[PDB]
Structures are given as structure tokens and as C-alpha cells.
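From first to last, the protein sequence lines are chains A and B.
Under full-length UniProt numbering, residues 8 to 248, 264 to 335 are what the first sequence spells out, in order.
Under full-length UniProt numbering, residues 8 to 248, 264 to 335 are what the second sequence spells out, in order.
Written out below as C-alpha cells is the structure these notes cover.
2 protein chains.
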Amino acid sequence: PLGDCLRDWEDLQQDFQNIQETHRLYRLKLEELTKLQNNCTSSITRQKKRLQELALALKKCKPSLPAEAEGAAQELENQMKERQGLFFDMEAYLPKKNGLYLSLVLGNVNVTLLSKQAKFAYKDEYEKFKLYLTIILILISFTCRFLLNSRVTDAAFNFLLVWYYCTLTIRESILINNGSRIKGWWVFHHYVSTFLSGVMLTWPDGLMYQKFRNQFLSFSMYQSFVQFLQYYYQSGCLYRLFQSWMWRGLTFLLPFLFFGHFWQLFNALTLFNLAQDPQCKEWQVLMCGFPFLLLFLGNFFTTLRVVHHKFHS
Amino acid sequence: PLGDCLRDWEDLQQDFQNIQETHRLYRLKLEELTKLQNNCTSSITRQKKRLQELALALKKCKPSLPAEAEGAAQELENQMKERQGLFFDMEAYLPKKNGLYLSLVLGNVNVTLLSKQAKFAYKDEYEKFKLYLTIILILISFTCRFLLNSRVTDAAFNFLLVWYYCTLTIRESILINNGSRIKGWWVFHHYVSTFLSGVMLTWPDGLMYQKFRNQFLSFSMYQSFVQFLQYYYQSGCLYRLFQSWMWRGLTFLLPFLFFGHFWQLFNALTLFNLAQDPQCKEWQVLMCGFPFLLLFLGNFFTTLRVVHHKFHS
Ligand SMILES: CC(C)CCC[C@@H](C)[C@H]1CC[C@H]2[C@@H]3CC=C4C[C@@H](O)CC[C@]4(C)[C@H]3CC[C@]12C
Ligand SMILES: CC(C)CCC[C@@H](C)[C@H]1CC[C@H]2[C@@H]3CC=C4C[C@@H](O)CC[C@]4(C)[C@H]3CC[C@]12C
Numbered sequence: 008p009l010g011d012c013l014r015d016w017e018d019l020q021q022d023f024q025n026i027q028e029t030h031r032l033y034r035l036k037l038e039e040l041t042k043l044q045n046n047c048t049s050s051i052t053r054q055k056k057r058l059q060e061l062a063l064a065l066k067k068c069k070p071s072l073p074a075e076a077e078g079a080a081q082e083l084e085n086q087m088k089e090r091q092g093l094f095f096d097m098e099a100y101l102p103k104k105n106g107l108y109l110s111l112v113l114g115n116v117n118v119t120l121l122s123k124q125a126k127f128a129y130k131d132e133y134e135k136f137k138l139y140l141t142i143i144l145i146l147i148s149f150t151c152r153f154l155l156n157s158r159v160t161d162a163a164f165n166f167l168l169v170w171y172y173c174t175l176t177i178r179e180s181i182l183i184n185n186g187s188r189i190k191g192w193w194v195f196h197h198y199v200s201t202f203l204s205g206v207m208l209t210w211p212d213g214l215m216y217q218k219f220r221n222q223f224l225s226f227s228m229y230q231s232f233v234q235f236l237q238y239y240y241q242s243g244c245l246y247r248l264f265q266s267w268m269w270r271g272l273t274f275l276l277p278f279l280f281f282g283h284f285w286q287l288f289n290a291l292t293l294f295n296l297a298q299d300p301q302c303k304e305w306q307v308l309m310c311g312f313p314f315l316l317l318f319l320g321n322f323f324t325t326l327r328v329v330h331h332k333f334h335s
Numbered sequence: 008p009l010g011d012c013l014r015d016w017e018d019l020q021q022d023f024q025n026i027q028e029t030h031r032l033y034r035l036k037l038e039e040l041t042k043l044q045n046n047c048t049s050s051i052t053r054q055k056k057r058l059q060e061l062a063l064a065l066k067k068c069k070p071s072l073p074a075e076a077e078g079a080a081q082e083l084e085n086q087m088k089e090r091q092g093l094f095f096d097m098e099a100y101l102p103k104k105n106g107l108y109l110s111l112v113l114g115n116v117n118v119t120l121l122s123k124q125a126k127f128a129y130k131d132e133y134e135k136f137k138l139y140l141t142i143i144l145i146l147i148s149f150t151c152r153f154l155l156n157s158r159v160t161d162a163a164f165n166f167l168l169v170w171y172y173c174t175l176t177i178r179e180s181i182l183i184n185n186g187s188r189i190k191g192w193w194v195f196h197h198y199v200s201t202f203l204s205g206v207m208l209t210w211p212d213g214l215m216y217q218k219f220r221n222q223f224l225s226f227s228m229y230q231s232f233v234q235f236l237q238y239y240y241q242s243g244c245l246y247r248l264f265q266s267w268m269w270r271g272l273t274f275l276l277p278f279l280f281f282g283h284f285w286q287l288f289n290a291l292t293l294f295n296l297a298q299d300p301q302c303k304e305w306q307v308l309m310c311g312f313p314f315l316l317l318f319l320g321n322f323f324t325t326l327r328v329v330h331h332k333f334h335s
């Protein structure tokens with residue numbers, strides 16, 4: 008028929024012109040928003056730069072004799088520090104340039120959430136993803152280790168591990184760009200773990216490979232488990248957002279982390295001893311011996327430093 | 008001293024309060040922009056849905072007898088099609104949800120450029136990145152093939168290839184989300200090439216591995232070169248943004279692509295023949311034989327289809 012469909016088409020035309028009017032409207036608003044945003048970011052970067060120059064100059068002029076009321080200078084210094092903090096939390100609400108690593112993978116993209124709700128929801132989704140992939144990883148590890156599939160599934164498991172670590176690197180860099188305090192060591196931890204898994208992947212079937220696959224699968228399984236536990240603790244802590267229960271839980275969780283660290287060290291040691299005895303594949307055995315050692319070293323060092331920093335309270 | 012630095016601090020305070028006022032201002036504008044954007048996208052999705060329902064209903068009621076002035080119905084159909092196009096190009100200016108793949112790697116990020124200039128600049132940067140990494144790849148290929156380093160550098164070259172193909176997958180998906188017509192086959196081409204390079208990486212040193220490394224490095228080198236040439240042609244074409267020179271250049275470039283395709287086929291065939299004769303590592307040789315064949319099949323098929331589509335003009 009024609010009449011019913013034509014009349015519905017007319018109603019559609021009305022709603023069409025309405026939507027078109029509104030969409031044509033907000034183009035100008037979007038333009039003005041981008042303009043003002045650009046102006047604001049340029050200005051704040053300029054002012055922060057000049058403020059830092061003032062800070063350096065005054066710090067150099069600072070150590071002079073305190074015979075005068077230089078306590079006022081200390082107050083001015085507190086003021087500079089709080090100004091830096093204000094500029095910081097203000098600019099966190101404003102989009103930034105990627106940096107180096109993200110520019111290499113994505114490049115010239117304005118990946119910067121601009122709402123506390125959206126930012127927090129994204130971080131929560133990130134942790135949930137880490138948990139789910141940890142479950143998948145532990146089930147594949149259990150299948151490969153005990154269920155007697157020692158032919159290929161180790162290759163697939165290693166592919167999964169390397170993809171996991173690369174995508175966690177990317178999400179970690181996005182989180183750093185959006186703002187967090189994880190810029191210390193872990194972004195390199197993920198790199199070195201990726202390298203270790205790759206080297207272990209190149210490793211072709213010899214004989215010692217059996218002993219080492221046994222140790223390595225068992226340890227990776229245990230680390231996946233402790234990863235699950237750490238996720239649950241940190242998700243409980245975020246849902247809390264108290265302090266006493268948090269500190270008690272961290273004290274309960276620290277021994278497992280130290281046990282994992284020293285397991286890493288013992289694995290590296292048995293790897294050295296194995297590479298000492300007559301055995302080919304020295305390339306792979308030694309270039310997979312180095313990581314475990316370095317990874318343990320950095321991990322234990324950072325954990326000791328952070329627990330001392332916390333207890334310093 | 009105190010006076011000079013304090014007076015400069017006062018000027019800094021003035022500019023500080025100014026910047027603070029402007030930044031506190033544009034918060035509300037940002038809020039209203041997000042609100043209006045959400046309203047607009049919800050409304051347009053709703054209206055597009057209902058329009059599609061109308062389209063289905065009228066298409067089903069359409070094949071009735073044309074004894075009446077059903078040419079008006081054909082005009083209404085043209086109107087529906089142009090309405091779909093209008094909704095399309097309008098919504099392209101408006102941010103979208105990631106989809107499936109990007110949600111798996113990044114997740115809940117509003118990666119959608121909102122300016123023709125920014126979008127075009129990003130696409131150009133993408134092509135320039137492809138070129139630069141192609142140069143790096145061809146130089147590493149030349150070093151590995153002829154310069155007699157047939158021990159490890161093949162592993163490093165393969166790591167580079169797999170990282171290249173994964174990051175091109177990500178950039179390709181971002182480009183599809185931002186809007187392009189490359190949703191046909193290539194997003195799966197990159198996947199299958201990644202799989203092939205991985206399988207070739209697992210391959211441990213036998214004897215036939217020598218013959219196959221020779222053929223494979225030579226072919227990968229040639230494909231890198233033709234990739235460079237295709238980049239230069241397409242960058243010239245975009246800088247043009264004529265048609266006659268474009269068609270002549272594509273006609274000049276087609277034979278190289280067909281030669282590469284048939285080289286792929288011949289490589290797959292020699293791989294089958296090699297796997298036929300007594301030789302272990304059947305896992306790797308055959309699971310690396312399948313890709314070349316399938317990849318050639320899809321590539322040649324798509325190239326024939328697209329050249330026929332173009333000549334159809
Ligand atoms: C104070 C410090 C020195 C205490 C260190 C205790 C360490 C050495 C103990 C505690 C946990 C133990 C490890 C538990 C699990 C494994 C995995 C197994 O496949 C090999 C033995 C190995 C690796 C053990 C080695 C010894 C070990 C690491
Ligand atoms: C009409 C069409 C099918 C003719 C196709 C002819 C093709 C198959 C011929 C012409 C050029 C030949 C190639 C010349 C160079 C090389 C590089 C060498 O390292 C492997 C063999 C290889 C790859 C040859 C394979 C077969 C080849 C590609």
C-alpha cells in the first residue's frame with residue numbers, strides 16, 4: 008500500500024528535520040569547546056614552565072644566611088608545592104599527548120578519559136580483565152602440566168602468555184597516561200617477562216627441556232594463583248573506597279609474594295646449574311637463565327622498598 | 008633575595024587566578040556538550056532503527072502489481088537510500104562504541120577522531136608508519152638472507168614480523184572504527200600472516216629448514232619491496248586529492279602483485295612436495311604449508327574481484 012507508509016514517512020521526515028537541526032547546532036559548540044581547550048592547555052603549560060624556572064632560581068638563591076625571616080621563604084616554597092599540585096590535578100582533567108610508547112603503537116590519538124566516573128570504571132574493567140585472563144591461564148597451565156600433553160600445547164600456552172603480557176603493557180600505558188603512580192618499575196617487569204616467555208618459546212625439544220618444563224609450568228601455575236589472590240584483595244580494597267583491615271590483609275599476603283620471589287630465585291639457580299653441565303642449546307638455556315634472575319632481583323627489591331615505605335607511616 | 012621573586016610570584020598569582028577562572032568555566036560547557044552528544048546519538052540510533060523497520064516492511068509489500076504509479080515507490084526507495092547515507096555521514100562525525108576487537112585489547116575507550124583534518128592526518132601518519140617499518144624490515148631481511156647469519160637472526164626477524172602484523176591489525180581496526188571501506192578481507196589477511204610467521208618461528212633446526220629458509224627469506228624480501236611500491240603509489244594518489267594517471271599506475275602495478283601471488287602459490291607447492299618426502303617436523307611443515315595456500319587463494323581472489331569491479335566503470 009501507499010497511504011500508511013507515506014504518512015509514517017512524513018512523521019519520519021519531521022523527526023529527521025528535528026535531529027538535523029540539533030546536530031547542525033552542536034557543531035559550533037564542539038568547535039568552541041576545542042578552541043577553549045587548546046587555549047587552556049597552552050596557557051597552563053606556559054605558566055607551569057615559568058613557575059618551574061622561578062622555582063629553580065629561588066632554590067639556588069635559597070641557601071643564603073637565615074639571619075632574616077626566611078621562614079617566609081619556606082612558606083613561599085610550600086605555596087609553590089601546592090601550586091604544582093593544583094596544576095597537576097587540574098590538568099589531569101584535560102586531554103594530553105600520548106607520549107612515546109602509545110605513539111608507536113597507536114599514534115596521535117586523544118586517549119584520555121575526562122570524567123572521574125569514566126576513569127574509575129575503566130580501571131575497574133581493567134582489573135576484571137586481568138582476573139578473567141588469569142583464570143583462563145591457570146586452567147590452560149593445569150591442562151598442560153599434569154594431563155600429559157607435552158608435545159605442542161606448551162607452544163600455544165606460550166603464545167597466550169606473550170599476548171597477555173603485551174596487551175597488559177598497552178593497558179598499563181593507557182592507565183599511566185590517564186594518571187596513576189605505577190611509573191616505578193612494573194612497566195619494565197612486563198617487558199622482561201615477555202622476553203623470557205619468547206626465549207622459552209624458541210627453545211626446541213632436547214632432553215633437559217623436560218626437567219625445565221616441569222619446574223616452569225609448576226611455577227607459572229603458582230604465580231597465576233597468587234595473581235588471582237592479589238586481584239581479589241585489591242578489588243576488595245577499591246570497593247572499600264578500612265585502613266586497618268587493608269594493612270592486615272597486605273601483611274597476610276606478603277609471605278606468599280616473598281615465597282614466589284624466592285621460588286623465582288631457585289628456578290634461576292637450577293637453570294644455571296643445568297646450563298653448567300654438558301648440554302647444547304646454550305643460547306636458549308642461558309638467555310632464559312638471565313631473565314629469572316633479573317626479574318627476581320627487581321621484584322624483591324621493589325617489594326622490600328614499598329613495604330618499608332608503607333611501614334614508615 | 009625576596010622582593011623581586013615575591014613580585015614575580017604576585018604576577019604568577021594573577022595569571023593563576025585567570026587560568027583558574029577559565030578552567031572552572033569550561034567544565035560546565037564540557038558537561039553540556041557530553042549531554043547533548045548522548046541525546047543526539049540515542050535519538051539517531053532510534054530513528055535509524057525505525058527507518059530500517061519501515062524499509063523491510065515496504066520491501067516486502069513492494070513486489071505487488073505495478074499497474075499503479077509505483078514509480079513513486081521507487082522514488083521513495085531512492086529517498087530511503089539517501090536518508091541512510093545522510094544518517095551515515097552525519098554519525099561518522101560522532102563518537103562510537105569500540106565494537107569487539109578493540110574492546111578486547113583496549114576496552115571502553117572513545118577512540119574516535121572528530122575532525123576531517125585530524126582523521127586525514129591520522130591516516131597519513133598510518134601510511135608513513137607502514138612505509139618506515141617496511142624499510143626496516145627489508146634491511147633486516149637483506150642482512151639475514153645473504154650476509155650468512157643463519158643461526159638466530161631469523162628468530163629476531165620473525166619476532167619483528169609478528170609484532171609488525173599485530174600492531175597493523177590494531178591500527179587497521181582503529182581506521183575501520185573511524186570509517187573506511189576496508190572491511191572486506193584484509194583484517195583476516197593480517198591474522199593469517201601472523202599465524203604463519205608464528206608457526207615458522209616454532210620450527211626448529213632440521214635439514215629441509217635450510218632450503219625453506221632460503222625460499223622464504225627471498226619471498227618476504229620481495230613482498231616488502233612491493234609493499235614499498237604500493238605505499239608510494241597510494242601516497243601519490245592521496246596527494247592528488264588525476265583519475266587517468268591513477269588508473270595507468272594501477273595497471274602498471276598489477277603485474278607485480280600477480281607475480282607475488284603466484285610466487286606464494288609456488289612456495290606453498292614446494293612446501294607440500296617437501297613435506298611429502300621422508301621428513302620429520304610434520305607438525306610445523308604442514309601447519310606452515312596450509313597458510314601460504316589459503317593466503318594466496320584469498321589474495322588472488324580479492325585482487326581479481328576488485329580489478330573487475332574497477333573495470334566495470
Ligand atoms: C630465608 C630463605 C632463604 C628461605 C628460602 C626457602 C626456599 C629455598 C624454599 C621455600 C619454597 C621452596 C620451593 C617450593 C617449590 C619448589 C618447586 C619444585 O619444583 C622445586 C623445589 C622448589 C623450588 C622449592 C625450593 C626450596 C624453596 C624455594
Ligand atoms: C602464468 C603464471 C602461472 C606463470 C607463473 C610463473 C611463476 C610460477 C614462475 C616465474 C618466476 C619463477 C620464480 C623465480 C624466482 C624464484 C625465487 C626462488 O628463490 C624460488 C623460486 C621462484 C619463486 C620461482 C618460482 C616460479 C616462478 C614464480
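Even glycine gets a Cβ: it sits at the ideal position worked out from N, Cα and C.
Heavy atom of ligand 1 within 7 Å of residue i beta-carbon
i, result
"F232/A", "no"
"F127/B", "no"
"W170/B", "no"
"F284/A", "yes"
"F281/A", "yes"
Residue i CB to nearest heavy atom of ligand 2 below 7 Å
i, result
"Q222/B", "yes"
"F288/B", "yes"
"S71/B", "no"
"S157/B", "no"
"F219/B", "no"
"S227/B", "no"
"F278/B", "no"
"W16/A", "no"
"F323/B", "no"
"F149/A", "no"
Burial state of residue i, where buried means 16 or more other Cβ atoms lie within 10 Å
i, result
"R158/B", "exposed"
"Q286/A", "buried"
"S227/A", "buried"
"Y246/B", "exposed"
"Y171/A", "buried"
"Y129/B", "buried"
"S204/B", "buried"
"residue 393/A", "This structure gives no information on residue 393/A, because the portion of chain A shown stretches from 8 to 335."
"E75/A", "exposed"
"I26/A", "buried"
"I143/B", "exposed"
"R178/A", "buried"
"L107/B", "exposed"
"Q306/A", "buried"
Closest residue to residue i among the options (Cα-Cα distance)
i, options, result
"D96/B", "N115/B, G78/B and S122/B", "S122/B"
"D212/A", "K135/A, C302/A, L308/A and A74/A", "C302/A"
"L291/B", "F312/B, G271/B, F274/B and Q306/B", "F312/B"
"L32/A", "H30/B, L43/B and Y33/B", "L43/B"
"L83/B", "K104/B, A74/B and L61/B", "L61/B"
"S50/A", "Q230/B, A163/B, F23/B and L138/B", "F23/B"
"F195/A", "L19/A, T52/A, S335/A and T324/A", "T324/A"
"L214/A", "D299/A, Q20/A and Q241/A", "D299/A"
"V199/B", "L315/B, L326/B, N85/B and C12/B", "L315/B"
"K332/B", "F278/B, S180/B and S266/B", "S266/B"
"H197/A", "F274/A, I181/A and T174/A", "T174/A"
"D11/A", "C68/B, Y139/B, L293/B and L13/B", "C68/B"
Inset, instruction - Kindly provide the ranges of any alpha helix (DSSP H) runs that are 4 or more residues long and lie completely inside the region 99-180 of chain A, ordered along the chain. - result: Note on the region 99-180 of chain A: whole alpha helix (DSSP H) runs with a minimum of 4 residues are 108-112 and 123-153, in chain order.
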